[PDB]
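These notes concern the structure reproduced below.
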DNA sequence: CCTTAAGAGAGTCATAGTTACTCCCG
DNA sequence: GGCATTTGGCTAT
RNA sequence: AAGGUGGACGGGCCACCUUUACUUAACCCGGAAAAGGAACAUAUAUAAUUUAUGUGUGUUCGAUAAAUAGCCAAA
DNA sequence: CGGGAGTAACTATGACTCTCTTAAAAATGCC
Ligand SMILES: Cc1cn([C@H]2C[C@H](O)[C@@H](COP(=O)(O)OP(=O)(O)OP(=O)(O)O)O2)c(=O)[nH]c1=O
Ligand SMILES: [Mg+2]
Ligand SMILES: [Zn+2]
Ligand SMILES: [Zn+2]
Ligand SMILES: [Zn+2]
Ligand SMILES: [Zn+2]
């Protein structure tokens, strides 16, 4: 890296030995003239280095063992410190020690111009057609074989023989199938279906079903005919198959097993399957160990349960075995006769079992690939369809007797009177044991079930570890590896980790190191290197990039220091994209878009409230056995800490401890505090950058341009953002607090303070621009007066009784009414500024009643002031004038947005004019 | 036509309090 | 052609 | 050296020329940047590896990927 | 094998000191 030594505020460039004005001008010269993005700064007193300049200048004023680690030559004073160092910094060395102690002519440069213009065209096209694909392209860098493998996979009947001694969780409730399908039940399920999904081979989509049959009458007769006959017709049995990749890496895409066959059926069959699955899910209660596809947040509960069990086994000095398995090709391998036998064990109503058997009786499908080429027609004789609404319920009913057997005769891990042998989330299964030899009993139960039903386990995803207590602390994997189907398992050694439900588990520490920082750096660099405009980059970060962090940051329980590190990185990236000064307030970034902000998410505000709500959600779970393994006191103390740290009230903390037509209901657990309104409240308390911000608090009209900025140039947008934050670089802003060395006077006149209010409102160099602004606003109001057939006396000359001259802008005459309107554009600096502006523009002409009467031959005369804010404030009382003119309710809102946008960007034009006549006059 | 100001954030560094242990006598 | 209305992301399997 | 145009535009930097001429390789930063690019289909021509070579004219470079749950945000 | 006593590296709060130039809306639905 290029190395710069900084005690001195003005160093030279090392590429040419030539000095500049400041370190910021050096970074400018290194970036532009040489492309040297890798810069490192050194403290002159002590030789400390960092990549960050501001680190080194904060370093400069404050600038000032008998026992040896055999791994890294670190030195320590006591052996206790050495053992603690080897515990923290060197896992699996300490573990071994604990075990041991037990049409121009040519075409050349125009090609490069064509490539650059084409890259810009592609990204600007995708920003307005499909922004989700643009986010994926920025962030993620993403015939005979298919026919032969999938044809030999699907066509052969599975190897199920019999369930044997395996028994399901209780008998069924046959009352659910009694009452007929109503049209409102169909309406509720159509509201709960996915909104924009693909059609089947018959080509009808869900919106077409609504258009063909609005009241759901015809589909009701069709679905009840299917339900009482108990057989589906042959016209829906055909399906299509589309392949989805399982991993983004090109190293994996050649292998056929990393492609997932998604089978899509008819829309009416799919809706009918969801309607039947609701009733069959009511009829068949599952074993509570199964947390996948049910109406619960199973991921949070399973991660919390595994984390608490791993922590508690260490703290109570008890042995604990953990094994992770999952089923290979889980939906594709399950036999139809297995599902039918599982339904018959429950004594489900035989008409319903006949219907379920009939729906899988003659399914056939064809695979499409290479965008529009198809293979044959393949009989589906094994497996449920991935993408049919009924298949998760059928897979859960097929996997239920294994979980019941593991509860019944598996040797689990105890706490008090209760025990846990198994945990399930879909096909993912975790086995727990209180001893090493007990896991062989659990594994042989799993082997017996896989031999009876014909299922198989993915050997690539079978892992495990064993914790064994000692006098002080514990050892990991001081044993032989377990074997499932002969092959030994991958025993997870300390310091290494494997995935479980998206997070990673390490036996040494629990839920492993997050790695969010490297992902955030990588994503910010890829957003920066896209050919996009700055607010487009800000929108890619705002909407798509930041929600990817929230699940991992929630469930791994990240504390505040890493959150504020990520927040610092985010807001430095945003302020460097938008060309804002580093001293710009945080609240323009963090307030809501209707508050006048950008709507970027503060992690240190959002994440502790999400974690606190997660703990409250887990504590009110219906799973009564999981709550007996919860560490009650640590959960209450952690909820208290997260409630206080999120900004909640210390004194009001919560304590955390027909049927077919009613819409689905959820509990909404209490939220600590509204952090975004707290950001806006601390914006209004600033002295200079918060001046007049209270005008824009909930005005959806004045902040319309921050959302819909499409037809505005970005120079004008960034100057509007600088004028709203009051961080535009006039000389008053270049002084601020640094008052000893700089001049605050105006460049063009003798006025003492060169504020932005001086430039916009009062300075004599911008007088023609203010006159043209006022005239254009009066023309915009005049055309709306013309459109409703008002006769306009524009700019009269009225001489009063004392022969003084007055000039109102507009008089509007219709049906003996006369409306005297006077327009002004005031820079807003208080909550009451435009109201006083309207009052003083009323007060200027109120005596002129009778003169306006004989001028316009009118009977009734009213006088109205029409103020506008120079930074886009729409005054609320101007709707009275617009509704007296008689505009419709939508057209008033649209005109209000037009007036506010015109006033703001004409003030931007005034500020640009002042900057231009300032700069270009320097030579003459 | 217009009527005039008010540093804020980034960054280091010190103090002292948890967490998960380590090691040695009665 | 007036008038009104409404417009999102992410994770697990 | 000095006056110039050229590298879409502004700032750098480079190439070319000599009172407006020679004609242009290769690049950086940006608040500027909507195809003289790539894959195909198809007409036409030459010197048949014609599944060629050289031009022209049009499509595309996006969604067309389904399911069951859950969370966050606005409301 | 209980039970003091003692750390490494996080965590959580205050209290400072540092920095200050990139031109010339829109798609769908209803009256
Ligand atoms: C990931 C995924 C899974 N599923 C269902 C189908 C799967 O059979 C079941 C379990 O998924 P997985 O275990 O992730 O997939 P798999 O076991 O079928 O593939 P592999 O053997 O290579 O691991 O969840 C979906 O329906 N949609 C999805 O997007
Ligand atoms: Mg699987
Ligand atoms: Zn240099
Ligand atoms: Zn130093
Ligand atoms: Zn070491
Ligand atoms: Zn002035």
Members of the stretch A:361-381 that are surrounded by 20 or more Cβ atoms within 10 Å (Cβ to Cβ) and part of a loop (DSSP other than H, G, I, E, B) | A:363, A:380
Condition met for residue A:150 (under 27 Å from residue A:378 (Cα atoms) and part of a helix (DSSP H, G or I)) | yes
Within the stretch A:659-715, tally of residues that are in contact with a strand residue (DSSP E or B) (Cβ under 9 Å, 6 or more places away or on another chain) and either in a loop (DSSP other than H, G, I, E, B) or within 11 Å of RNA strand D (Cβ to nearest atom) (or both) = 4
Has the stretch A:206-215 got any residue that is touching a helix residue (DSSP H, G or I) at 6+ places or on another chain (Cβ under 6 Å) and surrounded by fewer than 17 Cβ atoms within 10 Å (Cβ to Cβ)?
-> yes
Mind checking whether some residue in the stretch A:564-572 is more than 16 Å from DNA strand C (Cβ to nearest atom), outside any helix (DSSP H, G or I) and in contact with a helix residue (DSSP H, G or I) (Cβ under 6 Å, 6 or more places away or on another chain)?
-> no
From the list A:804, A:795, A:849, which one is in contact with a helix residue (DSSP H, G or I) (Cβ under 9 Å, 6 or more places away or on another chain), more than 30 Å from residue A:720 (Cα to Cα) and exposed (fewer than 15 other Cβ atoms within 10 Å of the Cβ)?
-> A:795
From the options A:15, A:46, residue that is more than 22 Å from residue A:572 (Cβ to Cβ) and more than 16 Å from ligand 4 (Cβ to nearest atom) = A:15
Out of the residues in the stretch A:573-590 that are closer than 12 Å to residue A:725 by Cβ and assigned to a helix (DSSP H, G or I), which is farthest from ligand 3 (Cβ to nearest atom)?
-> A:587
Given the structure, is residue A:326 in contact with a helix residue (DSSP H, G or I) (Cβ under 8 Å, 6 or more places away or on another chain) and surrounded by fewer than 18 Cβ atoms within 10 Å (Cβ to Cβ)?
-> yes
Consider residue A:43 carefully, then state whether it is surrounded by 14 or more Cβ atoms within 10 Å (Cβ to Cβ) and more than 16 Å from ligand 1 (Cβ to nearest atom).
-> yes
Listing of strands (runs of 3 or more DSSP E) fully contained in the stretch A:233-347 that carry 3 or more residues being farther than 27 Å from residue A:508 by Cα and under 28 Å from the mean Cα position of the chain (by Cα) | A:238-245, A:259-264
Would you call residue A:81 surrounded by fewer than 16 Cβ atoms within 10 Å (Cβ to Cβ), away from ligand 2 (no atom under 16 Å from the Cβ), over 45 Å from the mean Cα position of the chain (by Cα) and not in a strand (DSSP E or B)?
-> no
From the option list A:269, A:280, A:225, A:253, single residue qualifying as crowded, with 19+ Cβ neighbours inside 10 Å, in the same structural domain as residue A:345 (by TED's automatic domain parsing) and over 20 Å from residue A:366 (Cα atoms) is A:280
Please enumerate the residues belonging to the stretch A:468-500 that are surrounded by 13 or more Cβ atoms within 10 Å (Cβ to Cβ), away from ligand 5 (no atom under 16 Å from the Cβ) and farther than 25 Å from residue A:327 by Cα.
-> A:468, A:469, A:470, A:474, A:475, A:476, A:478, A:479
Neighbours by Cβ (under 7 Å, 6+ apart or cross-chain): first from the stretch A:46-65, within 14 Å of residue A:9 (Cα to Cα) and outside the structural domain of residue A:572 (by TED's automatic domain parsing); second away from ligand 5 (no atom under 16 Å from the Cβ) and in a helix (DSSP H, G or I) | A:53/A:23
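Does any residue of the stretch A:68-76 turn out to be over 30 Å from residue A:474 (Cβ atoms) and not in a loop (DSSP other than H, G, I, E, B)?
Scanning the stretch A:68-76 turns up no residue that is over 30 Å from residue A:474 (Cβ atoms) and not in a loop (DSSP other than H, G, I, E, B).
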Cross-chain or 6+ apart pairs with Cβ under 8 Å, the stretch A:176-204 first and at positive phi, then in a helix (DSSP H, G or I) | none
Any residue at all in the stretch A:153-165 that is more than 30 Å from residue A:541 (Cα to Cα), more than 16 Å from DNA strand E (Cβ to nearest atom) and outside any loop (DSSP other than H, G, I, E, B)?
-> yes
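Sort through A:83, A:47 and tell me the only one that's more than 16 Å from ligand 6 (Cβ to nearest atom) and on the phi > 0 side of the Ramachandran plot. Walk me through it before giving the result.
Numbers: A:83 fails: on the phi > 0 side of the Ramachandran plot.
Exactly one residue qualifies, and that residue is A:47.
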Is it the case that some residue within the stretch A:16-25 is out of contact with any strand residue (DSSP E or B) (no Cβ under 8 Å at 6 or more places or on another chain), within 13 Å of DNA strand B (Cβ to nearest atom) and in a loop (DSSP other than H, G, I, E, B)?
-> no
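Residue under question is residue A:31, and the condition is that it be part of a helix (DSSP H, G or I) and closer than 30 Å to residue A:568 by Cα; does it hold?
So residue A:31 fits the description; yes.
When we count neighbours, we look across all protein chains shown, and the Cβ atoms used for this are built from the backbone with ideal geometry, even at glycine. All of this is worked out from the model, or read from it or from the source named; no laboratory instrument gave them.
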